[PDB]
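Just so you know, the protein sequences line up as chains m, e, g, U and H, in that order. If you read the first sequence in the entry's author numbering, its first letter stands for residue 2, the second for the next number, and so on. If you read the second sequence in the entry's author numbering, its first letter stands for residue 1, the second for the next number, and so on. If you read the third sequence in the entry's author numbering, its first letter stands for residue 172, the second for the next number, and so on. If you read the fourth sequence in the entry's author numbering, its first letter stands for residue 14, the second for the next number, and so on. If you read the fifth sequence in the entry's author numbering, its first letter stands for residue 77, the second for the next number, and so on.
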Amino acid sequence: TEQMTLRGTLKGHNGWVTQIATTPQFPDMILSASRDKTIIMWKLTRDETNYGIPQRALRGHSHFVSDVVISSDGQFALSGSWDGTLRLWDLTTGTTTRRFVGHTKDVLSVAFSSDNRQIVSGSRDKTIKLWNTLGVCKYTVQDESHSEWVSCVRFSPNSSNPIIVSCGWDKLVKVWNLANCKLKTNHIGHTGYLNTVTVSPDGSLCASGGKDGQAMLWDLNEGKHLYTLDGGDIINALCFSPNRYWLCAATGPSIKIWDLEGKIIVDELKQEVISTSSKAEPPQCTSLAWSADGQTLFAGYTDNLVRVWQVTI
Amino acid sequence: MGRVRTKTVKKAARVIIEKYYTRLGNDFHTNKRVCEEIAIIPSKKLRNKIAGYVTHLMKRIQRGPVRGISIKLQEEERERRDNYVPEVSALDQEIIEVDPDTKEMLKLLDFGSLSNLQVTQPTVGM
Amino acid sequence: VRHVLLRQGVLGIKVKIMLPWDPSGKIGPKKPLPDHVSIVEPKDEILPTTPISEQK
Amino acid sequence: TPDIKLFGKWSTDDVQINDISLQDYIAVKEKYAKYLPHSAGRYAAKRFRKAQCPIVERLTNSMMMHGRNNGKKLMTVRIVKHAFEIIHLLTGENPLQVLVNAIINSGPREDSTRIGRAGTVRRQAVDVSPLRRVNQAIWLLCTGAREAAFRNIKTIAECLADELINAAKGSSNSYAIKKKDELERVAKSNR
Amino acid sequence: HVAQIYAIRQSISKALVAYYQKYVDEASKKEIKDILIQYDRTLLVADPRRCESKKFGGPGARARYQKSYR
RNA sequence: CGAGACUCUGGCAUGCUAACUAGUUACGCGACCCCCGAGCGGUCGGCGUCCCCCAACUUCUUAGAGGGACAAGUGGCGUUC
RNA sequence: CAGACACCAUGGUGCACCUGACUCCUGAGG
C-alpha cells in the first residue's frame, strides 16, 4: 500500500483554517475558511517556495467564517459564519449576490448540492434549513432534527438521490430525504458530541465520528450498521477519498489515515513537536479535504498552514 | 496586575467542568456558546470569564486530575489502576538476622531465627 | 420615607424592602442576580446500547 | 524614496555616531528616517516606546515649553526646519551630523545621586544610562536656545543652530557643555 | 487641520489596497501592506484615542483647582 | 455586607435591519459653463446650485438588535496552583 | 552581615443611655 509524502505547504492565513474545499473543475483551486472574518481563494502554482499565491479575498464579516463550500464549477462561494448569517459571493470577483438572513445565532455549516440550487445549512439555533440561491428559504426542518446544535450538514451525491446527512451534539446522525424532508434513518450508537460526518463519493457508505474518536461505518443505502473502525482520539474532520476507499481522520495528536478496503493503517502523520508546556503544546488538525482527483490531500491546521501531501508508493 | 478572577467565576467553572466534561472543548469560542446552553448568566463579560477559565481547566484536566478539582470518571480510573501489590507478604523472609530481643519475641512464639550479636561503637546510628 | 410628626420634633421612618423577585416572578427587576448563575442538568453522552440503526 | 527616506530638504545619509556607548538611542536611519517627524503624538504609551522615537523627533517635542509655546508643534516644525538651514550655511556639512555630534559632546558620563552621610552634603558618584544622557542633552540644548532668544534679537532657530555648532566641536559658548562639565567634575569629587 | 491630515493619509493608502483586493490582484495589495506596516504609521488599523471626559471639581479633565492650607 | 461583580459612556463591527424633518454613492449627466487641463470638438475630470428616477446604499450621519477581550493562541516562569 | 545613624518644648471641655404580645386587617363571598 501507498503512503503520503509532503509535497509542499500553503501559507498566509491569520487564525485557524477551519475548513478547506476543492472544486471538481479546478484541482488548482483551494477555497479556505479561516478565523479572520474573510475567505481566501487561492490559485495553486504547485510550488516549493510556497504552493500557491492568493487570487482573491472575499471581504468581510463580523465574526469568523466557520465553513465554506463552492459550486460544482467553482464560480460562486457559499459561506456560513458565526455572525448569524450565510453569504453568497461571486468567488472570482467579489460582490454579494445575497445575504441569507433567517438565523439569529451562529451558522456552523453550509453545504451545496451538485445541481447548485439546494443549499442546506446547520446552525446552533438547532435548525436544519433548506434554501434556494435567491435567499428564499424553502424548508425549515425542525422536529427530529437533533435535540441540540447541528454541527455539520453534508450533501450526498444528488444524481443518485438528494439526501443530506446531518450530525448534531445530541450524539445522533439523521439522514433526510429532501423534497419531502422526512427521516430516511436515524443512526443511533454514537458516543459524545459529533464533530463530523462525511458521505462516500457514491453515497453508499457513511462515516461518522466525534468526541469519542470512533469512526463508525454505516451502510447509507439501508440504514444499517456495518462495523466500527478504531481511532481513540477526537475526530475533527473525516473525508473519504474520491477514487479509493481510504478514510482520513484528523485526530487530536495526529492525522490517522486508513484504508477501508482492505483494512490496514496507511500512515499516521505526526504534527507533534518539541515545545513542552505541556497543556498548550499540541496543535490539532481541525480539517481535511481530499482533492478532486485524489492525488493530493489538503489538511487545514490550527497553526495557520494548509499542508499538502501527494501520494507516492 | 489588574483584573484577577473572582470567586463567582471559579465556582461556576468547577460546576460546569464536572457535569459537562465530555461536551466541553478547549476553544474559547465554542465553550462560550456551550455556557449559554447549560446556564443562565446575566452578563457577557461574566460568561466570558467563566468560559475562559473552563478552557484553562480543561487543558490542565486532560493531563489527569489537577489541584483543587476532580472529575468523577477520572477518580474511578485512578481507583482501578491502584490495585498495587508491593509484597505478598512475607516475602518469604524466614530465618534471617533480627535484633537480639526481636529474636526472643520469635523464640517465645515457637519460631526463632538467626540473630545479630555484639555492640561496637555506641551510640547506635552514630 | 415618611415623616411622623411628634409633639417634640419630627422622626424619620425609612422603610426599604428588597423584593424576592429578580430571577422569577416573572422575571423580576433587571435580570437574574449579577453574581448568581443557575445550571440545568446533563443526563446525556452515555449509552450502553451497541450501534444499530433502522429505517424511519 | 523607499530606497532611502530623506529629510524634507536634507539627507539622512552620512550621519555617524561618534560614540559606542550612546548607540541605540541615537538613530536617524537605523530604521527611523522620516521626511517629517510625527508618529501618533503619544510617546508615553509604553516604556518600550522611547526607543522608537529618533533624536530629531525628540528635539522637536522638547522645544515646545513655557506656557504660550506649549502644544504648538506646527510652529516648532517650521522653526526647526529653518534651524537646519542656518546650520548648513554656517558649517557646510549635513546638519544632522552636527546635531549628533552635539548630543554626544553634551551628554554627561558620571553624575551624582543623593546618598546619606551624616546629614552633611555628600553624594554618590554614579554613571547614568545612555537614554538619560540623550534625554538630558536634548533638554539642555533646547533650554539654551530659548534662553538666548528671550531678550535678544535672534530667533529660536538661530540660537538653536548656534547652540548645536558650539557643542559639536567645543567653544565654551554652549550652555549644554558648561553644565555637563559641572556635573562630571562634581561626580568625580564627593565621598 | 492635523486630525484631517492623518485621516486622509490612512484613507488613501487603504483605498488603493481595497481596490486591488477585490478587483486587481492580491500580490499588489499585499506588497503595499508590507511596505507600509514595517516603518508603521497605523494606516490599516484604527487609532483608539478619542477625547477623555471631563469630571467636575477642576478647570480641566485631570487638572484640579488649587487648594489652600493653613 | 462594602468593593469587585454590576451599570452608563468612550473605542472595533464596508456583517445584520432601516432612513424624503439625515446623507452618500452611482450613473445618465445636461444646464448655469469656465475652458482650468486633456481631447479638433462633441466629450471626460471639476467647488457649488440646478436636472432628478420605478436607481442603489448605510461607508460617512443616525440608533436598534449582534459579535469581539476571556490573559483567548503560543512560549517562559510559579507550590506548575 | 562587612559605608556614614544631629537639636525639637508647650497646650482645654459636657449630652455614648436600658422592657415582651406577627393585621394593609381582609371589608363581592366571608
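Don't be surprised by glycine CBs; every beta carbon is placed ideally from N, CA and C.
Counting contacts by CB-CB distance shorter than 8 Å, is residue i in contact with chain g?
i	result
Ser70(e)	no
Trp17(m)	no
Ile129(m)	no
Against chain m, does residue i count as a neighbour if the rule is that its beta carbon must be under 8 Å from one of theirs?
i	result
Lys227(g)	yes
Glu102(H)	yes
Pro222(g)	yes
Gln97(H)	yes
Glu212(g)	no
Under the rule that 16 or more other beta-carbon atoms within 10 Å means buried, what is residue i, buried or exposed?
i	result
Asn162(m)	exposed
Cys127(H)	exposed
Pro108(U)	buried
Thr23(m)	buried
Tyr38(U)	buried
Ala216(m)	buried
residue 127(e)	Only positions 1 to 126 of chain e appear in this structure, which leaves residue 127(e) out of reach.
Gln110(U)	buried
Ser142(U)	exposed
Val211(g)	exposed
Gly54(U)	exposed
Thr221(g)	exposed
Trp310(m)	buried
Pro191(g)	exposed
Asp110(H)	exposed
Hey, would you say residue i sits closer than 8 Å to residue j, going by beta carbons?
i	j	result
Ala170(U)	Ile92(U)	yes
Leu173(m)	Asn159(m)	no
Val28(U)	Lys18(U)	no
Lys225(m)	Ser224(g)	yes
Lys212(m)	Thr22(e)	yes
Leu248(m)	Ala208(m)	yes
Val111(m)	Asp68(m)	yes
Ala64(U)	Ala174(U)	no
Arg60(m)	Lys98(H)	yes
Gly295(m)	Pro243(m)	yes
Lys201(U)	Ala138(U)	yes
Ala180(U)	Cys172(U)	no
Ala189(U)	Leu153(U)	yes
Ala13(e)	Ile41(e)	no
Counting only the same chain and skipping the five closest in sequence on each side, list residues whose C-beta sits under 8 Å from that of residue i.
i	result
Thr303(m)	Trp17, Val18, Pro284, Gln285, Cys286, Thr287
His104(m)	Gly85, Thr86, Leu87, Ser122, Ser124, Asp126, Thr128, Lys130
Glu145(m)	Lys175, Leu184, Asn187
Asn196(m)	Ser152, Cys153, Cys168, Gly210, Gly211, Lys212, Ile235, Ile236, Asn237, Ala238
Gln76(m)	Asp91, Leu92, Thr93
Give me the residue from the options with the minimum Cα distance to residue i.
i	options	result
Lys44(m)	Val274(m), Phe27(m), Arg36(m)	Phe27(m)
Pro124(H)	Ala58(U), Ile190(U), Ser187(U)	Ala58(U)
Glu37(e)	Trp150(m), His14(m), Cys168(m), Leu184(m)	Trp150(m)
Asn148(U)	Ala158(U), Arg135(U), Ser75(U)	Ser75(U)
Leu206(m)	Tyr52(m), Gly75(m), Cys240(m), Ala300(m)	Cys240(m)
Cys182(m)	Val108(m), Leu289(m), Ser82(m), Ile164(m)	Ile164(m)
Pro202(m)	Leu92(m), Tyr246(m), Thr10(m)	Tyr246(m)
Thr277(m)	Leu73(e), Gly112(e), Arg63(e), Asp92(e)	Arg63(e)
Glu70(U)	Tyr56(U), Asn203(U), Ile100(U)	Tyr56(U)
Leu112(H)	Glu195(U), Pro15(U), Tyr188(U), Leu87(U)	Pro15(U)
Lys38(m)	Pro25(m), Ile54(m), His147(m), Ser63(m)	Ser63(m)
Cutting at 7 Å between CB atoms, please list the residues of its own chain near residue i, excluding the five before and the five after it.
i	result
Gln56(m)	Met42, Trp43, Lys44
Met78(U)	none
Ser24(U)	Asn107
Keeping to the same chain, check which residues put their C-beta closer than 6 Å to that of residue i; ignore five residues upstream and five downstream.
i	result
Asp140(U)	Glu123
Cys155(U)	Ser75, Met76
Taking only beta-carbon atoms, is residue i less than 8 Å away from chain H?
i	result
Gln215(m)	no
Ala131(U)	no
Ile54(m)	yes
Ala78(m)	no
Residue i CB to nearest chain e CB: under 8 Å?
i	result
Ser209(g)	yes
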